Amino acid sequence: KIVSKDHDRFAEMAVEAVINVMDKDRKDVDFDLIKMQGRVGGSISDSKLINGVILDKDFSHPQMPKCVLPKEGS
Amino acid sequence: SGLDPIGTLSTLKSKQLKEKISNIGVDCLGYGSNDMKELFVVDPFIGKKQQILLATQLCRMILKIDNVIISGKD
Amino acid sequence: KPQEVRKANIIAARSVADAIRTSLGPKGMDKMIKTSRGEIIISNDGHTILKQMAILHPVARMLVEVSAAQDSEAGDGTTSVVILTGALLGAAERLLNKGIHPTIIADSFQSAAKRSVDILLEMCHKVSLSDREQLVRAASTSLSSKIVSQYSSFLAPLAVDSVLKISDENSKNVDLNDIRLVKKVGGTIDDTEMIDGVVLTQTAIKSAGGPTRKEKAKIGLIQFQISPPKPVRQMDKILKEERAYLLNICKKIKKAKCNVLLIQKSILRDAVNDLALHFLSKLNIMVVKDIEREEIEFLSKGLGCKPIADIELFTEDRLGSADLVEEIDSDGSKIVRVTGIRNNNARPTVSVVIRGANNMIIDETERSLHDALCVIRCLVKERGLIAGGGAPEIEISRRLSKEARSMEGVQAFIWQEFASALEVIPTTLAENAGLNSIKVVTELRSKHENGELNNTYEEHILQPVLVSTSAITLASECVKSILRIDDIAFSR
Amino acid sequence: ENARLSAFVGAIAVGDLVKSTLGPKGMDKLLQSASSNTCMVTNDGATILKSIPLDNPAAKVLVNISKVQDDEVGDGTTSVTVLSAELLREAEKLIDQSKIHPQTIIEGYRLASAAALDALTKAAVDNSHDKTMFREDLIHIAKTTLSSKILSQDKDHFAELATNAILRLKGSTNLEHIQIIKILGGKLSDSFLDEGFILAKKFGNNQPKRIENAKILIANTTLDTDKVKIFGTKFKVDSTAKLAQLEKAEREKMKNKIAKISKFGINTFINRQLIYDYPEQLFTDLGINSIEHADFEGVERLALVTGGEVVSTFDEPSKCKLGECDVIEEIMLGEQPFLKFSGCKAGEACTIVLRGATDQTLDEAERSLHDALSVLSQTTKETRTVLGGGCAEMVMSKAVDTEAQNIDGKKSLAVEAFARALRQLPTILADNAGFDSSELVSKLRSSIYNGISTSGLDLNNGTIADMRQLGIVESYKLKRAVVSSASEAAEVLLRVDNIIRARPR
Amino acid sequence: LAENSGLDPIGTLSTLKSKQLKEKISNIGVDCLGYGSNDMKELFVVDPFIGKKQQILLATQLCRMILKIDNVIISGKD
Amino acid sequence: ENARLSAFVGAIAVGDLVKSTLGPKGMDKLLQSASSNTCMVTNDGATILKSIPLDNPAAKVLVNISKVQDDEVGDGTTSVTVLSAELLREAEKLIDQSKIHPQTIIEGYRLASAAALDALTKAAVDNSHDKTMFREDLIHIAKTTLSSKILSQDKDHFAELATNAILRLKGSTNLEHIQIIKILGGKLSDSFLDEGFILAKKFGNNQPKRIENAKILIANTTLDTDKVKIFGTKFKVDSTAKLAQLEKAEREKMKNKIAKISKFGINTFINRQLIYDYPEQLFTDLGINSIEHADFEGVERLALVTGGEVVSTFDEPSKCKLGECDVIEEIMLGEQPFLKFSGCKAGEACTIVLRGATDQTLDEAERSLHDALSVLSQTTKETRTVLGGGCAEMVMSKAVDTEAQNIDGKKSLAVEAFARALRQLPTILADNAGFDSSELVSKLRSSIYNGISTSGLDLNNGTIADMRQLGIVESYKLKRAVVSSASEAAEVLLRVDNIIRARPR
């Protein structure tokens, strides 16, 4: 596939993802612990490895800031 | 791969007996040469072991059923 | 067999041309067509035959578009253009058997059409619009095909004087849609009023309070309608709401200095309330309602105004200009006339008024004067005139036959077949008149050798050059659009 | 077999519909509906294909492929379908005479398409002549884009840096040849132009700051702190010190791979992860340099400008594609360590260093720069034309015959048939124009066969004439767009062995 | 003869008429043997006048006799 | 419309029976009758075609072709129909997508066959090596043929003249290059070999018998007293002297024919008929000698030794094929003058003058000499072989591709189609061999294309090997016999626009 040109980028995404979800004791990976999400548009070079849920949100009213404050070293 | 299935199978059997015992497979995609061990192409053993167990389990369930009974559509 | 699919369409196209071929000329054979709805109509006009024929063949419908442009541009030759189109299709049958590709056949028609025009202009006598004696005799001969004869002498200067005012110089195409023939009940043929300013289709208010006449009035185009809302202290409450709604519209009219206004005709709701006529009667504002929707686009051009959809955007600059507005009724007409618009953007659009008693009078007169304006329109765009009856088509076939040796290759043979395709028009005229087919055609090549265009001039037969020019030009594009179709499939 | 016949005979029957419409002198077609009063006539090839309903599931795939050419460029849409239909005519003759999977034949088209693109480059011309008039227009257009952008403060300084960043490229216009370095605590007017590939976070401590004749190698390995997650694995040991001994034994096997690095004749090694002190100390005696923080983007941009390649494994020693740079300078500016790479062989690239006062001004300046350079670089592939009139079409035909010399046994007919499809373009144009295709193409190939052939297809005289005298040219961007689209369009139909009938509506 | 010689029958017919008009009056026919141009007179190919005249007389007399028979009467067999 | 299908596709089915039977490993066919007990199994192609009744009226043409091939040699009859079937199979593409005149396609085969025979000659080998043993055995074989013939009197002297009459030719061995003269008043032992082209008649009266630097031109015309039959004419003249005016007017017109001869600068002229004194006297001032009574062979054989032409007319002045000879010597032996030419440029021929004592010894010696020379000339076409196994079939394709470079538009597709049929011979031979024919033929063309012209296909190992090391060769006479038979058979079939069924005998 055309993806074979950028394959070097997608290779490092599966190395750190399996180590976190799988423990060396049972050495098993659960399908429910892997969230597969994709959308139409963009390119394949913008794919990033995220350690948590995406949860796309527009932050409702635009006045809300795009970052979360630490709340006095909390 | 677009090659003679019998002519290729006779070659893989000759290299693993008169020369030495090794692993030489059939190349579906064009590569440099044979002996995939040089190219560091590996496959999981337990993954291939699970395939031959489900293949024998599927073959038994087919032979163990000598009768076909189905009703009609109304 | 991609070509055999096209050959099946060519044979079907020649069958339609052969049917119209018998209807050419006043002595031609009429065609009886019975519509599916039960209407039975008959006539010798080729444009009316193909319109109600309801042709389901995809390629054969191209003759309808050419006949529509034939009457819209030249105005004459709708029957002859079908015969000339079928002549090239018949000659193309022998061309396909020789292995000739239709592209060369189509490309050679472009050089053959442009060459036939230059040859025709050399033998044509150039005339000018400054001579009014030529235009009277030209339009008078077109009126000899109708029942009206002795009364057609007064109608000749009517059509001539209307075109000369709007002709000017280098006008090129002149649209005749701005010239409308008004058909009213009553009067006679000899009674006609030019009214060069403009002529409406409707009468005035016959109720009480209507001024019906105004001096120095501005006539605007308003598509709105003044009516009570149409999506019993209770009686007066409804009156106060209706009178306030009708007055608020009239408040902006007085500030805009609108003497005469128009109201679009709507059969759904009421056009103009009777209370609205009494309100504007004190303001000395003339009201004309029940304006036909067809005349909305007509009045938006000759008057130089623009339609006003909403009163909020209504301004004074969108009104018209009239020196005097009065209602003159010869007998029973009750029609309003306007003179001296004097608009810079608009031009002197003239609407001819035709009076008559019986219904068959104003009808046959309308179609007779409509073709007379087309012949005059041909002389405005292209000067010069030739003798009709297939006379110039004989000499063109003679000159192209000798000049065919100057070419080389496959295209040289096309000039020989193109000369024979032009002889079908004079041959059909000799067949439909009862004369011997081949005998009259041989007499044409014999007499045209010594003399040049010499007798139809004594018989007062004059065909404008633009008709013979457009007939060849439209046929070259019509036959081209046929052969270029190599297949057809269902598309939806 | 009907699966391929529906993709061949079914596609050719649909492909021949718009095939005769190629060119201004081509044929025409009527589109008739059920009521027949809604019909229309047009010469558009894409309109005829999309309007006609087709129950063939293989014909619906070609419709979606043709939509890519309209969105990407939008020119020559009919020529893509006509050329794709001719490829199926030759591929159908290769299959029925073989009955082997076409994927092998597909590999022959990729090798033949490379020779066709190289043949068009040498014979390509351009309108770039008199660059003095084009350079004055390039700086004026760039100032218009700067409107509403924070870069509008000084138009002359910013547009001058972009002018020398385009005309001096002499190559691909992709942004991968332009490095964007941004720092904080600086002024926008202090920006300068640099042709070197600039890093940050300088590598090494005792390593020298000047390196002469440096080599670049790309590899991925972890030489420091292996066994990331040790939790869950059963540990049976007599002593605690044996735990660290296992990690040393795993890194001991890396000595063979490190020894192969010195055998490559390179003085510098690039790695993404860190390196333990013991393998790093051995790099000093062997003269090996260790570069860190190469990330991924910067790795790809460096290998292209230096003529290198990227690989995460070692397939065999003394075999690889390596780059080089003459001088590497290590300086420090803006209280941050910087790196500078210079002296690359045939190196073509540039670096624009923008100094902002905050992080918000940096993101807006980088996005506005890419939009301004994309419009200016669009004119490089625009207006550039090549010699037309069937000449360039035949040049691609004779270029495939060169590949037909050295070829495999079963791959010869796959490559040879590709040259026959390229000669179908003058055959179709001669039939639509009303000429003899067998007479013109035969005399056209014999002259262009060997050398000194400027001749082309002349439709006015109906013979073979020189197109350079008549001034008949066609755009070069249209050449690559149609060939690349038709090559991918033929792969979609061949890679599908079985086509299931679509659901009739 | 142009179709049997591998030439365009329409293009050759127009070519022979153009060379015998603007250039000069001569006799140039269809090429029986492969050549590149017109003017076979250099090859000294001649035909008898009485032979060519006898052909057009019998062809004209035959065309007249065919038009003199408007009906085909074929009796059956016993 | 169906005549072309029966002459092309219908002729393939006839050749399909002999298609798979070619070669020692080829398949076999079955001939079954109504009783089915009389059947047989054989690979003979001539038996299968003649036994099966053919209702196809166009199939009877190939029947007479096999009968002509069987007369020459009894081998290769099957390959004639197979090679002719490949030319008719490709004729389908010569109509639909080509539209090329069939005779122009046939004329293209003559140009391709001319280069094919010349390519096989340079690559042909022979067992004639160590000619010392080969040339010695030639005289012993000729002595065996002298039995029952009067030439048996002396074996050494008579057979020596026949031995030198063959090898010294260095060219075509046909008897058309050997002149035989029958004379009286002598003994057979006095006969000798002379290349001076001795003939009986003399020429000239007062002209000298020695000519230096002679220019020979061959033409046939009657310059003296045409219309040899004067019976039936009617001369209407007013006086006797006026009747001779018509004869004197013809003498003045003779200068037009002499002027064309004088511009050629020739001192020697050839005439079959006589010459009047006046045009002969004018030749004295120009020094032109006319030879008379040249018969037919004397006209053709003179153009072969001197490099002349047999045309009797002049199509243009100062353009023609001229010969020459160093010295023309006229001697007298046996009370009759003889003509011995000397110094002919590139002259290759021999003339055996048989001097007998009577007429009975002359006719028996001439017929016996032709039988003795036929055996010696047979050794040139016998034992001489060429490299087979796809070698010679592929080499002929290279010579066709050479002519396919420079060609007109009509014969471009005709010559190229002939090269495809040449590669069909090793393809069919590889079909019944059990291997892949597409892989062997493809790799064979690329190898011979650049260098290595001796390579071929090995049927045992299924690969390309040296034919000289394997020792697989095929007769060269068989190659020319099949090409000459296929060229004449396909010449009639391609010209067929309609089929007339033959009347049953």
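Quick notes on this structure:
Per-chain residue numbering starts at 1, and chain names A, B, C, D, E and F are given in the order in which the chains are listed.
Everything that follows uses one rule, which is that a contact is a pair of C-beta atoms (placed from the backbone, for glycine too) under 8 Å apart; a residue touches a chain by one contact, two chains touch by 3 or more.
By chain, UniProt protein names: C = T-complex protein 1 subunit delta; D, F = T-complex protein 1 subunit beta.
Of all chains in the assembly, none touches chain B and also chain D. Averaged C-alpha coordinates give centres for chain C and chain E that are 55 Å from one another.
Centre-to-centre separation between chain A and chain F, using Cα means, comes to 86 Å. Averaging Cα coordinates per chain places chain B and chain E 77 Å apart.
In whole angstrom, the spacing between the mean C-alpha positions of chain A and chain C is 72. Residue positions of chain C touching 2 or more other chains, listed in rising order: 409. Across the assembly, chain A contributes no residue in contact with two or more other chains.
For chain D, residues touching at least two other chains, in rising order: 410.
A list of each chain pair in contact follows: A-D, B-D, C-D, C-E, D-F, E-F. The residues of chain B lying in touch with chain D in their complex are 2, 30, 38-40. Chain C contributes residues 56, 58-59, 101-104, 107, 409, 481, 484-492 to its touches with chain D in the complex. Residues 5-6, 34, 42-44 of chain E touch chain F in their complex. Chain D makes touch with chain C in their complex at residues 17, 20, 25, 27-34, 36, 39, 41, 48, 51-53, 431-435, 462.
Only residues 98, 100, 405-410, 412-413 of chain C touch chain E when the two sit together in their complex.
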